[PDB]
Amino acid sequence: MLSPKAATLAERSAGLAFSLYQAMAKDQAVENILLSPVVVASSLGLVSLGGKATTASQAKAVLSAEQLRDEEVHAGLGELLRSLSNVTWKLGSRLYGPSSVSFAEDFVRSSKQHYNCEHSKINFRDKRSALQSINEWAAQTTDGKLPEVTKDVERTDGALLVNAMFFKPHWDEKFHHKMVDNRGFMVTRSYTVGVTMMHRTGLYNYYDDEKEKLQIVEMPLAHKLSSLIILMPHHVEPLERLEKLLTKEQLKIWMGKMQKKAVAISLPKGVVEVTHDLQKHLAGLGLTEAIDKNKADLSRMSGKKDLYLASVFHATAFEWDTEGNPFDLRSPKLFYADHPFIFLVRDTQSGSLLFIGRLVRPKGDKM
C-alpha cells in the first residue's frame, strides 16, 4: 500500500511514461520500446537532487511535481523504487562523470539514500575502456541478462546516467515447458523473423474490438498481485494506428469491456533487450537546461558548473518465459502474437504502471 506522496508520484510517473512512449513511438528511428515509469521518474529526481535553479525546477516540471517539496519527491520516489523489488527483478543506477570531475559528498550520500545511485569516474577519451566499464556494470547488475547498454559514448564532456534492468513476468498460470516451438514472427507483411513461441490455453480476461480491429488480453502475474496486458491489431500493420487509441481513458474502457473467456495465447519466447537514451525525449518534454553544456547547473553533484547531462540510459532485458505458478475451453479464441503488439505491466492493488512497451522486432534471423 502506497503512502499519499507515493500514490500521486505513481500517477505522475505513469502520465510521463505515456507521454514518453507516445514521443518515442512518433520517432521513426525507434523500434522496440521498454519503459519503467518509476525508473524514468527517478532520473528526473536525481537531476533535481544534483541541480540548482531552472536545471532542477525543469526536472520537477517534466514529472509534473513542481508544486511538491523536494523532500516529498525524493521520499515518494524512494518508496516507489523499493516497491519495485518486493527474486527476478533487477535494477541498478550509476552516474558516470569524466575523470576531470569530483562528486560532492552530500549528493553521493543522499543519491545513495533515496535512489540507490552509484557514482563512477570514467576516461571517456578511451572509448573502448569506457564502454567496457558501463556494459560490465550493467551485466553484473542483471546477472548477464543485459550484457551491453550502448555501442557508443559520442561526447567526452558530460555526465552519463545509466539505469540497467532485468524484468521477467511470472505467470499466475505457467506455460508448459514443452508447449514451445519455432514459428515465424511477421515484422511487416513482407518481412518474417524466425522466433521461438510459447503456447497456452486458459481462462483469460479478453476483449475483441471489431470496430477498431484489435484484441486485448489480460494475463495475471503470480498471486494476482499484478497483470500483463497485451494490445494487438487483428493483422500485421504498424503500431501507429493503435497508438492513437492508446490513452489512460481508452484503456479503462477496454478493461471494463473485458470478460473471462477461453483464450489460446501464443507469445514469442525469449529475452528482449532495449536501450533507450532518453536524453532527447526528456529534453523535448521540458528538460532543456540539464542537457545544454552552456546552461546546465549540476553544481550540487560536482561542486561547480563543469557538468551537463549527456545521456540518460534506460536499458532493459525483458524476458518472456514459460515459468509461472504450478497451477494448471473447447473452442478458444486465438491471441496469436506473431506480429507487433503493445504491452503494459500493472500492479493490481495500486494500479501503478511497472512497465509500458511494444514488441515490433524480436531477435532472430530473417526468413
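Throughout, rigid core stands for the largest set of C-alpha atoms superposing within 1.5 Å between the two forms. A residue's number is simply how far along the shown sequence it sits, counting from 1.
- Fitting each structure in 8 other deposited structures of this protein onto the rigid core and averaging C-alpha distances over structures and residues, 147-155 emerges as the more displaced of 147-155 and 187-195.
- RMS Cα deviation from the shown model in 8 other deposited structures of this protein, rigid core fit, is larger for 54-62 than for the other stretch of the pair 54-62 / 311-319.
- Where coordinates are absent for parts of the deposited sequence, a chain break appears; between neighbours residue 328 and residue 329 it spans 4 to 9 residues.
- The deposited sequence places no unmodelled residues between residue 294 and residue 295, so the chain runs continuously there.
- Higher mean CA B-factor, judged across 162-170 and 208-216 from the recorded values: 208-216.
- Averaged over their C-alpha atoms, the temperature factors of 254-262 and 281-289 are higher for 254-262.
- Taking the deposited Cα B-factors for 192, 132, 275, 116, the highest one is held by 192.
- Between the residues 32, 302, 48, 311, the entry's highest C-alpha temperature factor is the one at 302.
- Sort the modelled residues of the chain by CA B factor and residue 317 lands in the lowest third.
- When the modelled residues of the chain are ordered by C-alpha B-factor, residue 350 sits in the highest third.
- Ranked within its chain, residue 7 lands in the lowest third, by CA B factor from the PDB record.
- In this PDB entry, residue 36 carries a Cα temperature factor that places it within the lowest third of its chain's modelled residues.
- In this PDB entry, the Cα temperature factor of residue 93 sits in the bottom third of its chain's modelled residues, the lowest group.
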